[PDB]
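In what follows, a single structure is set out as structure tokens and then discussed.
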Amino acid sequence: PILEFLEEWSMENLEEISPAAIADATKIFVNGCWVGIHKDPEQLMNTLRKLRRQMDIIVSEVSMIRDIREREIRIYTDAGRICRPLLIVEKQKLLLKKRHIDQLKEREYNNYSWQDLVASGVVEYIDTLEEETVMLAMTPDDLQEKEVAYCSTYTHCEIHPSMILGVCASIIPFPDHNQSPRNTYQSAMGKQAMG
Amino acid sequence: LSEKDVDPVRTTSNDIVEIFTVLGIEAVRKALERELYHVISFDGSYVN
Amino acid sequence: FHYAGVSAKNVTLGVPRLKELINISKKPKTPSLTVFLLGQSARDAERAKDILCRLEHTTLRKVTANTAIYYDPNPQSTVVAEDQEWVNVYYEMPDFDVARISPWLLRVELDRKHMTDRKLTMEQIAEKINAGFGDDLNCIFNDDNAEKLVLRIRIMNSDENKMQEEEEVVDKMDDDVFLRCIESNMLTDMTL
Amino acid sequence: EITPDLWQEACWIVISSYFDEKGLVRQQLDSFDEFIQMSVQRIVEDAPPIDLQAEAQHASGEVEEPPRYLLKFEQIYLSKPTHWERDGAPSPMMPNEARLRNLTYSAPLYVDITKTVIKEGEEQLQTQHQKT
Amino acid sequence: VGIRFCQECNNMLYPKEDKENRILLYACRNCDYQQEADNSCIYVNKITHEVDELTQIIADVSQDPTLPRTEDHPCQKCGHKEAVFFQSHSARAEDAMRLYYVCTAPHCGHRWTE
Amino acid sequence: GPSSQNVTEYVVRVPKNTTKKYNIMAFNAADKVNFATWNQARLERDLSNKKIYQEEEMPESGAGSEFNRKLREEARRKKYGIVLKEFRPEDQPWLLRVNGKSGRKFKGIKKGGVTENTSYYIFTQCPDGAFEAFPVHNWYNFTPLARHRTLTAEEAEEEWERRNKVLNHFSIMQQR
Amino acid sequence: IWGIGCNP
Amino acid sequence: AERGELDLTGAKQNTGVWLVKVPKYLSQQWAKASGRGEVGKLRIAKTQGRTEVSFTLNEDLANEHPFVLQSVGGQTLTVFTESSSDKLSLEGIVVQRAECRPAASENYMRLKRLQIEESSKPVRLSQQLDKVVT
Amino acid sequence: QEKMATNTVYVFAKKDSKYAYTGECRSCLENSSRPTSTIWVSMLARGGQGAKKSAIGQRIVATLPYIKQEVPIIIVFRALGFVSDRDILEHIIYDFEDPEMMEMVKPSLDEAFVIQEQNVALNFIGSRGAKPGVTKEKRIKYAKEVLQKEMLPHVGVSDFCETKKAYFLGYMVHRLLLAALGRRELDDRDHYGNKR
Ligand SMILES: [Zn+2]
Ligand SMILES: [Zn+2]
């Protein structure tokens with residue numbers, strides 16, 4: 001489906017490409033295969049991201065990466081890519097709003113769930129290759145709000161920083177007040193506990 | 001060591017094989033002792 | 001990782017150095033040599049700098065800003081505008097012109113910063129190149145007053161004549177390819 | 001509608017929604033579901049059809065006389081996990097019974113197969129075997 | 001400097017000298033075409049390789065969210081205040097921490113180093 | 001004049017079937033293809049199967065196995081591999097020879113990527129004044145071959161053994 | 001975890 | 001004059017032809033009847049220093065298509081035909097290339113989704129069976 | 001089980017290897033079938049010194065799958081059918097204006113200047129192929145099969161896909177040349193973007 005859409009959206013195929021024209025245009029790779037080149041990259045990239053956030057043609061797991069310095073757009077539909085969900089930031093305002101959390105709060109008898117949040121475009125899944133092209137805010141309120149200017153172009157926000165820890169490290173209380181090797185040791189000891 | 005204004009007496013290399021080829025087996029005895037003492041005593045530890 | 005900046009040198013210490021000494025490895029990971037200066041060279045920093053220059057390997061590639069291979073049929077023609085003056089001066093009383101002049105030219109520009117840092121002399125470099133390749137290379141060097149340090153190299157005039165009636169059609173490397181090989185060898189192994 | 005300083009409640013509400021919809025082991029289950037639903041069927045379809053013919057049997061005129069047998073697998077079907085007893089009577093196999101009796105929790109795998117016989121008799125017959 | 005490809009065979013032209021006329025000729029080995037060389041330089045090697053990275057920088061990099069942006073340094077060409085600034089980003093750049101500013105705003109595409 | 005504001009609109013016709021199929025012939029710009037010198041041309045299917053597919057099974061096939069030995073020979077060759085493929089011309093590249101052997105030779109290859117979601121049409125002027133659209137049956141990219149002396153394969157192997165050709169290569173080409 | 005000269 | 005000879009008369013006359021990339025819905029609409037001799041009208045409007053090309057879908061066929069031009073200077077294209085009588089010929093040289101784009105933006109994605117579903121119909125999936133086959 | 005990503009070009013620098021820079025791509029046929037086949041494009045180091053070797057300097061070689069010996073890259077491009085030197089460089093170098101990349105490609109072109117015939121290049125690939133080759137005809141067909149299927153399968157495995165494979169091979173070379181020039185940074189094996 002992605003290849004069909006790319007053909008619709010003014011992507012010249014490698015076979016039809018004059019060799020001279022490649023130099024000034026971005027190369028579009030889909031699953032590691034150089035499909036073609038596109039003369040205007042940013043419009044295509046925005047359209048692909050809109051489609052993924054609406055979940056129309058591009059599934060949520062599909063990751064689009066643009067390397068601006070190297071003039072390459074890479075789209076991976078491959079399996080095995082590890083992804084984490086991140087909130088989406090437009091302008092400097094989080095897309096998640098009080099109406100969304102009000103619907104989620106009454107999750108029972110409203111049939112509003114995480115899938116509705118993904119479909120609404122509030123959250124998105126981002127793999128590491130796409131993480132390289134993403135400006136993230138650890139905490140929304142602190143980093144998004146205007147201060148002495150550090151970054152005014154945040155594109156995503158972390159849901160909560162404590163989610164970087166795994167199952168066994170999540171039982172540690174006050175992990176940030178411990179030495180690191182000690183958290184590593186507790187992760188191993190907690191597997192051997194009795195209960 | 002041959003170069004002018006270089007002290008032939010005290011100039012020393014860390015490589016023990018070079019010490020053996022240039023200065024001899026007794027010189028390597030001393031040089032190996034010196035290098036081993038340097039690796040042992042860098043942390044401050046002492047071996048008799 | 002946890003040595004100090006006081007050493008100001010790469011030093012292998014700890015278990016790896018113990019293994020190097022124990023196994024008597026032919027090649028240490030960081031071979032080093034501590035040089036103690038005999039007399040006044042130890043007292044004065046400048047004299048120690050002289051000794052350093054004597055002890056540190058220096059090649060033409062280190063002091064060469066850029067190299068260009070030109071084709072100039074006539075040395076008097078001076079295809080490069082800049083070398084017109086000194087080529088004309090040298091060919092006012094030309095040397096080795098009687099044998100011939102090789103048309104291919106190798107022009108080497110030497111960075112003044114590196115040249116003065118190692119305290120090398122243009123005449124010194126010319127002598128070293130002449131000695132290394134014998135008479136097969138003819139070198140022309142600018143005066144130090146010139147803003148750009150230029151060394152002009154041509155194939156041997158006798159070799160250009162071939163000094164042989166048969167002349168042999170082997171034509172090994174012609175002259176341009178031979179000049180490129182000469183440039184690579186000079187840069188890598190000049191040992192100035 | 002911005003959520004200021006109410007973020008501690010909000011972030012954990014969205015995290016809770018994530019973990020309600022997607023469990024902790026969702027990756028294993030989703031991968032296995034992809035295997036069974038698509039990969040098995042695709043592996044069956046990708047396999048080239050089996051072409052077989054006799055080696056000039058009967059030493060006759062042999063104008064393509066040996067019949068050609070063509071087999072094509074299609075439409076793989078999976079049943080629910082089932083345990084057949086010593087009697088041979090099929091019965092559903094609950095996972096705990098598999099743990100206690102050291103059984104293997106497995107499900108029967110069935111494929112539709114189409115067999116075509118071409119004997120150069122000007123007629124080809126394509127018999128179909130259902131749920132083999 | 002630049003490599004010229006022969007029209008007749010579309011292959012690389014290698015330098016060659018005509019002894020009779022003492023004229024440099026770029027001649028293909030595969031085909032007999034010969035061309036007089038205007039440049040008269042065969043091989044140029046810059047050991048210092050002091051090549052400005054301003055040419056290599058793409059104006060598209062201004063769109064990157066991750067790049068830092070300064071409004072302190074105004075654009076020389078158009079006066080737009082914003083300008084993404086980034087370092088060399090290049091291997092074999094020796095030791096340079098120069099910031100290669102790129103003017104933001106559509107179609108200016110101005111690259112300056114201060 | 002009328003040229004600054006002319007509006008032209010023409011009918012479109014798509015006949016159901018055409019006796020001659022329509023293809024695309026694409027030449028690279030750098031090749032500088034010119035049709036003024038194209039007095040004559042020859043376009044035909046390739047025979048490279050001579051080298052790698054057919055009449056390569058000439059001598060061993062007609063050696064003369066007979067009887068039980070004939071049966072066994074045929075069956076053995078067939079079961080040894082998977083019946084060697086023969087000439088199926090419609091699925092082979094095209095060879096173009098302009099002005100006979102003297103002129104340039106080009107080779108066209110069918111565009112491997114199919115246009116499952118695309119179609120190409122050609123508009124041609126006609127006396128009735130209506131555009132006619134014909135589907136593109138196939139796309140071919142033609143690339144020229146120089147009419148220069150070609151190194152023999154055996155000689156090429158011998159030369160490549162001497163990968164270190166210190167002597168000038170141009171003289172070597174002249175010798176050949 | 002301390003510094004460059006200490007420990008990690 | 002031989003079987004392999006190419007009739008270069010079109011090249012000699014320098015006949016100019018236009019190449020256009022058109023979508024599958026348009027081509028399939030044309031192929032539906034394909035024998036009525038009519039599928040639409042191509043309208044070209046030119047101004048002082050700008051030209052626009054558009055195609056109107058036939059009213060019967062439907063039960064606007066702007067054209068975007070592409071430069072042809074980077075590659076030379078010609079059209080040749082293989083006659084059923086084994087008489088190869090050249091029709092002309094391509095002098096202009098164009099692309100046909102849909103007018104609808106979002107509702108067109110609905111038709112695209114329907115086409116995707118139609119193309120996914122031949123795709124077969126493993127089927128869950130409630131009762132073991134006996 | 002963690003694995004390195006397939007169908008991607010990664011350039012690494014190996015000190016021990018004679019090649020200064022090596023770019024590898026591990027290709028799988030859309031995960032549908034066949035084992036993953038890795039094709040390496042490497043650049044020989046300038047450390048090796050000879051009258052001809054120093055003049056050529058860095059020369060690119062390619063380790064095609066199921067061919068025992070390294071194959072010069074220009075020969076591979078000619079085997080795919082792109083005989084002309086200009087066309088090979090057109091695939092490898094996207095902008096001819098830059099002199100440095102063309103300078104890098106020149107030595108490898110010189111090394112392969114003996115072979116100017118597509119059939120001869122195919123025969124050479126077959127002859128240095130690990131599998132034995134009885135005749136020229138057999139060697140040519142075998143090497144053509146290897147190029148069609150074994151090398152770069154993800155780009156294409158049939159359907160006259162030589163142009164696509166040529167463009168992707170040229171991309172691998174382009175990335176190797178950019179790494180050698182230093183314009184692109186060498187890829188890191190530990191990045192979890194690469195570790196499927
Ligand atoms: Zn030529
Ligand atoms: Zn500006």
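Ordered as shown in the structure tokens, chains take letters A, B, and onward, while each chain numbers its residues from 1 and ligands are numbered from 1 in the order shown.
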
| request: Using DSSP on the backbone coordinates, identify the residues of stretch 3-131 of chain D assigned to helix (DSSP H, G or I); present them as a ChimeraX atom specification. | output: /D:7-21,26-46,57-59,95-101

| request: For chain A, list the residues within 12 Å of chain G, counting only C-alpha atoms, and write the list as a PyMOL selection string. | output: chain A and resi 179-181

I need the chosen residues saved as an mmCIF file, in the first residue's frame, with N, CA, C and O atoms.
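What landed in out-v4.cif:
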```cif
data_model
loop_
_atom_site.group_PDB
_atom_site.id
_atom_site.type_symbol
_atom_site.label_atom_id
_atom_site.label_comp_id
_atom_site.auth_asym_id
_atom_site.auth_seq_id
_atom_site.Cartn_x
_atom_site.Cartn_y
_atom_site.Cartn_z
ATOM 1 N N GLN A 179 22.742 3.874 43.676
ATOM 2 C CA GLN A 179 23.815 3.663 42.719
ATOM 3 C C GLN A 179 23.342 2.734 41.610
ATOM 4 O O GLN A 179 22.498 1.875 41.828
ATOM 5 N N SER A 180 23.875 2.907 40.407
ATOM 6 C CA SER A 180 23.422 2.075 39.292
ATOM 7 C C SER A 180 23.709 0.592 39.461
ATOM 8 O O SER A 180 22.790 -0.214 39.217
ATOM 9 N N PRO A 181 24.917 0.155 39.829
ATOM 10 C CA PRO A 181 25.133 -1.283 39.979
ATOM 11 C C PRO A 181 24.174 -1.897 40.957
ATOM 12 O O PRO A 181 23.817 -3.065 40.813
#
```

All residues having an atom within 7 Å of ligand 2 (only C-alpha atoms and all ligand atoms) as a PDB file with N, CA, C and O atoms, in the first residue's frame:
```pdb
ATOM      1  N   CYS E  75      20.725  37.025   9.306  1.00  0.00           N
ATOM      2  CA  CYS E  75      21.180  36.611   7.986  1.00  0.00           C
ATOM      3  C   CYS E  75      21.745  37.793   7.223  1.00  0.00           C
ATOM      4  O   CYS E  75      21.209  38.902   7.270  1.00  0.00           O
ATOM      5  N   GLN E  76      22.837  37.548   6.506  1.00  0.00           N
ATOM      6  CA  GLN E  76      23.457  38.620   5.741  1.00  0.00           C
ATOM      7  C   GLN E  76      22.654  38.945   4.487  1.00  0.00           C
ATOM      8  O   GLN E  76      22.483  40.119   4.142  1.00  0.00           O
ATOM      9  N   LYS E  77      22.153  37.924   3.794  1.00  0.00           N
ATOM     10  CA  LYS E  77      21.493  38.157   2.513  1.00  0.00           C
ATOM     11  C   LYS E  77      20.148  38.846   2.687  1.00  0.00           C
ATOM     12  O   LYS E  77      19.853  39.825   1.997  1.00  0.00           O
ATOM     13  N   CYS E  78      19.312  38.349   3.596  1.00  0.00           N
ATOM     14  CA  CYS E  78      17.935  38.809   3.684  1.00  0.00           C
ATOM     15  C   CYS E  78      17.551  39.400   5.029  1.00  0.00           C
ATOM     16  O   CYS E  78      16.458  39.963   5.141  1.00  0.00           O
ATOM     17  N   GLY E  79      18.390  39.277   6.051  1.00  0.00           N
ATOM     18  CA  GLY E  79      18.078  39.861   7.337  1.00  0.00           C
ATOM     19  C   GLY E  79      17.131  39.064   8.200  1.00  0.00           C
ATOM     20  O   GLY E  79      16.688  39.573   9.235  1.00  0.00           O
ATOM     21  N   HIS E  80      16.797  37.836   7.813  1.00  0.00           N
ATOM     22  CA  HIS E  80      15.968  36.995   8.663  1.00  0.00           C
ATOM     23  C   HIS E  80      16.721  36.675   9.945  1.00  0.00           C
ATOM     24  O   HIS E  80      17.901  36.323   9.907  1.00  0.00           O
ATOM     25  N   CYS E 103      20.745  30.175   7.185  1.00  0.00           N
ATOM     26  CA  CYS E 103      19.570  31.005   7.386  1.00  0.00           C
ATOM     27  C   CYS E 103      18.303  30.188   7.206  1.00  0.00           C
ATOM     28  O   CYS E 103      18.178  29.400   6.268  1.00  0.00           O
ATOM     29  N   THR E 104      17.357  30.388   8.109  1.00  0.00           N
ATOM     30  CA  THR E 104      16.046  29.771   8.010  1.00  0.00           C
ATOM     31  C   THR E 104      15.206  30.587   7.033  1.00  0.00           C
ATOM     32  O   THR E 104      15.730  31.355   6.223  1.00  0.00           O
ATOM     33  N   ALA E 105      13.890  30.382   7.063  1.00  0.00           N
ATOM     34  CA  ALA E 105      12.905  31.063   6.230  1.00  0.00           C
ATOM     35  C   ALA E 105      12.965  30.480   4.830  1.00  0.00           C
ATOM     36  O   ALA E 105      14.041  30.099   4.357  1.00  0.00           O
ATOM     37  N   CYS E 108      15.604  31.312   1.189  1.00  0.00           N
ATOM     38  CA  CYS E 108      16.834  32.088   1.307  1.00  0.00           C
ATOM     39  C   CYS E 108      18.052  31.198   1.104  1.00  0.00           C
ATOM     40  O   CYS E 108      18.900  31.475   0.251  1.00  0.00           O
ATOM     41  N   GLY E 109      18.142  30.114   1.867  1.00  0.00           N
ATOM     42  CA  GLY E 109      19.198  29.138   1.665  1.00  0.00           C
ATOM     43  C   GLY E 109      20.597  29.703   1.726  1.00  0.00           C
ATOM     44  O   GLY E 109      21.448  29.339   0.905  1.00  0.00           O
ATOM     45  N   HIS E 110      20.859  30.579   2.682  1.00  0.00           N
ATOM     46  CA  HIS E 110      22.149  31.237   2.788  1.00  0.00           C
ATOM     47  C   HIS E 110      22.984  30.565   3.868  1.00  0.00           C
ATOM     48  O   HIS E 110      22.495  30.321   4.973  1.00  0.00           O
TER      49      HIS E 110
END
```

| query | Using only C-alpha atoms and all ligand atoms, what are the residues with an atom within 7 Å of ligand 1, set out as number ranges by chain? | reply | E: 6-11, 28, 30-33

With C-alpha atoms retained, could you export that selection as an mmCIF file, in the first residue's frame?
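Okay, this is what ended up in selection.cif:
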```cif
data_model
loop_
_atom_site.group_PDB
_atom_site.id
_atom_site.type_symbol
_atom_site.label_atom_id
_atom_site.label_comp_id
_atom_site.auth_asym_id
_atom_site.auth_seq_id
_atom_site.Cartn_x
_atom_site.Cartn_y
_atom_site.Cartn_z
ATOM 1 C CA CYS E 6 34.980 10.791 -25.078
ATOM 2 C CA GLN E 7 31.955 11.331 -27.302
ATOM 3 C CA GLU E 8 32.672 8.452 -29.670
ATOM 4 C CA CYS E 9 32.927 5.640 -27.112
ATOM 5 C CA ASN E 10 31.655 7.218 -23.851
ATOM 6 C CA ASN E 11 34.751 6.098 -21.952
ATOM 7 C CA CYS E 28 40.826 7.113 -25.037
ATOM 8 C CA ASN E 30 39.588 2.015 -26.518
ATOM 9 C CA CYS E 31 38.915 4.468 -29.357
ATOM 10 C CA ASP E 32 41.189 6.695 -31.403
ATOM 11 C CA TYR E 33 39.557 10.021 -30.493
#
```

| request: Find the residues around stretch 57-61 of chain H up to 10 Å (only C-alpha atoms counted), leave out those fewer than 4 positions away in its own chain, and share them as a ChimeraX atom specification. | output: /H:26,29-30,32-33,38-42,65

| Residues of chain F within 10 Å of chain D, counting only C-alpha atoms, as a PyMOL selection string | chain F and resi 67-68+71-72+74-76+78-79

| field | Between atom CA of residue A:24 and atom CA of residue A:75, distance in Å (one decimal) | value |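 Computing the Euclidean distance for atom CA of residue A:24 and atom CA of residue A:75 yields 19.8 Å.
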
| said: Report as a ChimeraX atom specification all protein, DNA and RNA residues lying within 12 Å of residue B:34, evaluated on only C-alpha atoms, omitting residues in the same chain fewer than 4 positions from it. | reply: /B:12-16,27-30,38-42 /C:21

| message | Which residue is closest to residue F:149? Choose from E:23, E:29, E:13, E:40 and count only C-alpha atoms. | response |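 Using only C-alpha atoms, the shortest distance to residue F:149 belongs to E:29.
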
| message | Set the distance at 12 Å and use only C-alpha atoms: which residues neighbour residue I:154 once local chain neighbours fewer than 4 positions away are removed? I'd like the list as an MDAnalysis selection string. | response | (chainID A and resid 29:35) or (chainID I and resid 6:8 25:39 148:150 158 161 164:165 168:169)

Same residues, C-alpha atoms, saved as a short mmCIF file (atom, residue, chain, number, x, y, z; two decimals), in the first residue's frame:
```
data_model
loop_
_atom_site.label_atom_id
_atom_site.label_comp_id
_atom_site.auth_asym_id
_atom_site.auth_seq_id
_atom_site.Cartn_x
_atom_site.Cartn_y
_atom_site.Cartn_z
CA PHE A 29 13.85 3.68 0.31
CA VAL A 30 11.01 1.35 1.29
CA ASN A 31 12.08 -1.69 3.32
CA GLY A 32 15.61 -1.17 2.10
CA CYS A 33 14.76 -1.07 -1.60
CA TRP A 34 15.42 2.20 -3.43
CA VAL A 35 12.02 2.77 -5.01
CA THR I 6 18.68 -6.84 6.64
CA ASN I 7 18.27 -4.97 3.35
CA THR I 8 20.42 -2.04 4.48
CA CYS I 25 24.56 -5.18 2.80
CA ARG I 26 22.68 -8.29 3.92
CA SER I 27 19.79 -8.89 1.56
CA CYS I 28 16.73 -11.06 2.13
CA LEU I 29 13.97 -11.76 -0.38
CA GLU I 30 11.24 -9.86 1.48
CA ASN I 31 11.63 -12.50 4.23
CA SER I 32 9.64 -14.82 1.96
CA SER I 33 12.33 -17.44 1.33
CA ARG I 34 16.05 -18.25 0.98
CA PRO I 35 18.85 -17.49 3.46
CA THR I 36 20.11 -13.94 3.75
CA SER I 37 22.96 -13.33 1.31
CA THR I 38 25.52 -10.65 2.16
CA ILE I 39 27.34 -8.72 -0.55
CA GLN I 148 20.21 -12.58 -11.14
CA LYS I 149 19.39 -14.39 -7.90
CA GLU I 150 22.19 -14.67 -5.35
CA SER I 158 13.80 -11.93 -11.71
CA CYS I 161 15.80 -6.15 -12.86
CA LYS I 164 17.53 -1.68 -10.23
CA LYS I 165 20.43 -3.85 -9.07
CA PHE I 168 21.54 -0.17 -5.68
CA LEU I 169 25.08 -1.43 -6.22
#
```

| request: For residue B:1, list every protein, DNA or RNA residue within 10 Å, evaluated using only C-alpha atoms, and leave out those in the same chain fewer than 3 positions away; present the list as a PyMOL selection string. | output: (chain B and resi 4-12) or (chain C and resi 35-36)

Write the selection just made, keeping N, CA and C atoms, as a short mmCIF file (atom, residue, chain, number, x, y, z; two decimals), in the first residue's frame?
```cif
data_model
loop_
_atom_site.label_atom_id
_atom_site.label_comp_id
_atom_site.auth_asym_id
_atom_site.auth_seq_id
_atom_site.Cartn_x
_atom_site.Cartn_y
_atom_site.Cartn_z
N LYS B 4 73.48 13.18 18.97
CA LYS B 4 74.20 14.12 19.82
C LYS B 4 73.24 14.81 20.79
N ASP B 5 73.76 15.15 21.97
CA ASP B 5 73.02 15.80 23.05
C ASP B 5 71.91 14.94 23.62
N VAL B 6 72.03 13.62 23.48
CA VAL B 6 71.15 12.66 24.12
C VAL B 6 72.01 11.85 25.08
N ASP B 7 71.58 11.75 26.33
CA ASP B 7 72.39 11.06 27.33
C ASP B 7 72.40 9.57 27.06
N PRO B 8 73.55 8.96 26.78
CA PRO B 8 73.55 7.52 26.55
C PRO B 8 73.32 6.72 27.81
N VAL B 9 73.66 7.29 28.96
CA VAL B 9 73.60 6.54 30.20
C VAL B 9 72.16 6.28 30.62
N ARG B 10 71.30 7.28 30.53
CA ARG B 10 69.99 7.20 31.16
C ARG B 10 68.82 6.98 30.21
N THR B 11 69.01 7.15 28.91
CA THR B 11 67.90 6.96 27.99
C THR B 11 67.44 5.51 27.99
N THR B 12 66.14 5.30 28.15
CA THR B 12 65.59 3.97 28.34
C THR B 12 64.30 3.84 27.55
N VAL C 35 63.79 9.95 26.59
CA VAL C 35 65.08 10.50 26.21
C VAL C 35 65.47 11.54 27.23
N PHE C 36 66.66 11.41 27.79
CA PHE C 36 67.17 12.38 28.74
C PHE C 36 68.28 13.17 28.07
#
```

| task | Extract, using only C-alpha atoms, all DNA, RNA and protein residues at most 9 Å from residue A:10, discarding same-chain residues fewer than 5 positions from it, and format them as an MDAnalysis selection string. | result | (chainID A and resid 38:40 44) or (chainID H and resid 99)

Writing out the chosen residues with N, CA and C atoms as a compact mmCIF listing (two decimals), in the first residue's frame:
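Writing done, so here's part.txt:
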```txt
# COMPACT_ATOMS: atom_id res chain seq x y z
N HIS A 38 12.16 11.73 -5.11
CA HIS A 38 11.09 12.72 -5.02
C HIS A 38 11.71 14.10 -5.03
N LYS A 39 11.18 15.00 -5.86
CA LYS A 39 11.80 16.31 -5.99
C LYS A 39 11.53 17.19 -4.78
N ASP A 40 10.36 17.05 -4.16
CA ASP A 40 9.99 17.87 -3.00
C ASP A 40 9.82 16.97 -1.78
N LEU A 44 6.04 15.49 0.97
CA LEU A 44 5.79 14.05 1.04
C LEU A 44 5.91 13.55 2.46
N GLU H 99 1.55 14.34 -16.61
CA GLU H 99 0.99 13.44 -15.61
C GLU H 99 -0.42 13.88 -15.27
```

| Neighbours of chain E in chain F at 9 Å, counting only C-alpha atoms, as number ranges by chain | F: 30-32, 145-150, 169-174

Selected residues, N, CA, C and O atoms, written as a short mmCIF file (atom, residue, chain, number, x, y, z; two decimals), in the first residue's frame, please.
```cif
data_model
loop_
_atom_site.label_atom_id
_atom_site.label_comp_id
_atom_site.auth_asym_id
_atom_site.auth_seq_id
_atom_site.Cartn_x
_atom_site.Cartn_y
_atom_site.Cartn_z
N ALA F 30 22.86 11.42 -23.07
CA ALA F 30 24.29 11.49 -23.32
C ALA F 30 24.71 10.72 -24.56
O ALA F 30 25.80 10.97 -25.09
N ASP F 31 23.89 9.78 -25.03
CA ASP F 31 24.25 9.01 -26.22
C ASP F 31 24.23 9.87 -27.48
O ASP F 31 24.89 9.53 -28.46
N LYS F 32 23.47 10.97 -27.47
CA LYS F 32 23.36 11.87 -28.62
C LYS F 32 22.84 11.13 -29.85
O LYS F 32 23.45 11.16 -30.92
N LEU F 145 26.38 0.11 -28.32
CA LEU F 145 27.65 -0.61 -28.23
C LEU F 145 28.61 0.00 -29.24
O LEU F 145 28.29 0.11 -30.42
N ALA F 146 29.80 0.37 -28.77
CA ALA F 146 30.77 1.02 -29.63
C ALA F 146 31.22 0.08 -30.74
O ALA F 146 31.48 -1.10 -30.51
N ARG F 147 31.32 0.62 -31.95
CA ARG F 147 31.85 -0.15 -33.08
C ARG F 147 33.37 -0.17 -33.09
O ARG F 147 34.00 0.10 -34.12
N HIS F 148 33.97 -0.50 -31.96
CA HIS F 148 35.41 -0.54 -31.81
C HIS F 148 35.87 -1.98 -31.63
O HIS F 148 35.08 -2.87 -31.33
N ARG F 149 37.17 -2.19 -31.82
CA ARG F 149 37.74 -3.52 -31.65
C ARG F 149 37.53 -4.01 -30.22
O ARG F 149 37.77 -3.28 -29.25
N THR F 150 37.08 -5.25 -30.09
CA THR F 150 36.76 -5.84 -28.81
C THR F 150 37.82 -6.87 -28.43
O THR F 150 38.19 -7.71 -29.26
N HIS F 169 48.78 1.20 -21.14
CA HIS F 169 47.69 0.35 -21.61
C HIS F 169 47.31 0.67 -23.05
O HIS F 169 46.87 -0.21 -23.80
N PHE F 170 47.47 1.94 -23.45
CA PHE F 170 47.08 2.34 -24.80
C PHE F 170 47.88 1.60 -25.85
O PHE F 170 47.33 1.16 -26.88
N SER F 171 49.18 1.43 -25.62
CA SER F 171 50.00 0.65 -26.53
C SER F 171 49.52 -0.80 -26.59
O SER F 171 49.51 -1.42 -27.65
N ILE F 172 49.10 -1.34 -25.44
CA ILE F 172 48.57 -2.70 -25.41
C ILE F 172 47.33 -2.82 -26.28
O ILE F 172 47.16 -3.79 -27.03
N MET F 173 46.43 -1.83 -26.19
CA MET F 173 45.25 -1.83 -27.04
C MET F 173 45.64 -1.75 -28.52
O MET F 173 45.04 -2.41 -29.36
N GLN F 174 46.65 -0.93 -28.83
CA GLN F 174 47.11 -0.83 -30.22
C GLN F 174 47.65 -2.16 -30.72
O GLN F 174 47.44 -2.53 -31.89
#
```

| task | Define the interface residues of chain F facing chain H as those within 6 Å, counting only C-alpha atoms, and report them as a ChimeraX atom specification. | result | /F:4-16,19-29,41-43,117-124

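Using only C-alpha atoms, one finds that the residues of chain F close to chain C, at 7 Å or less, are residues 166, 167 and 168 of chain F.
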
| field | chain I residues near chain E (8 Å cut-off, only C-alpha atoms) as a count of residues only | value | 12

Taking only C-alpha atoms into account, produce a table as JSON lines in which each residue of chain H with an atom at most 8 Å from an atom of chain D appears once, together with its shortest atom pair and the distance in Å to one decimal, ordered by chain and rising number.
```
{"residue": "H:124", "atom": "CA", "partner": "D:75", "partner_atom": "CA", "distance": 6.8}
{"residue": "H:125", "atom": "CA", "partner": "D:38", "partner_atom": "CA", "distance": 5.5}
{"residue": "H:126", "atom": "CA", "partner": "D:37", "partner_atom": "CA", "distance": 4.9}
{"residue": "H:127", "atom": "CA", "partner": "D:77", "partner_atom": "CA", "distance": 4.9}
{"residue": "H:128", "atom": "CA", "partner": "D:78", "partner_atom": "CA", "distance": 5.2}
{"residue": "H:129", "atom": "CA", "partner": "D:79", "partner_atom": "CA", "distance": 4.7}
{"residue": "H:130", "atom": "CA", "partner": "D:79", "partner_atom": "CA", "distance": 6.0}
{"residue": "H:131", "atom": "CA", "partner": "D:79", "partner_atom": "CA", "distance": 6.5}
{"residue": "H:132", "atom": "CA", "partner": "D:79", "partner_atom": "CA", "distance": 5.7}
{"residue": "H:133", "atom": "CA", "partner": "D:131", "partner_atom": "CA", "distance": 7.1}
```
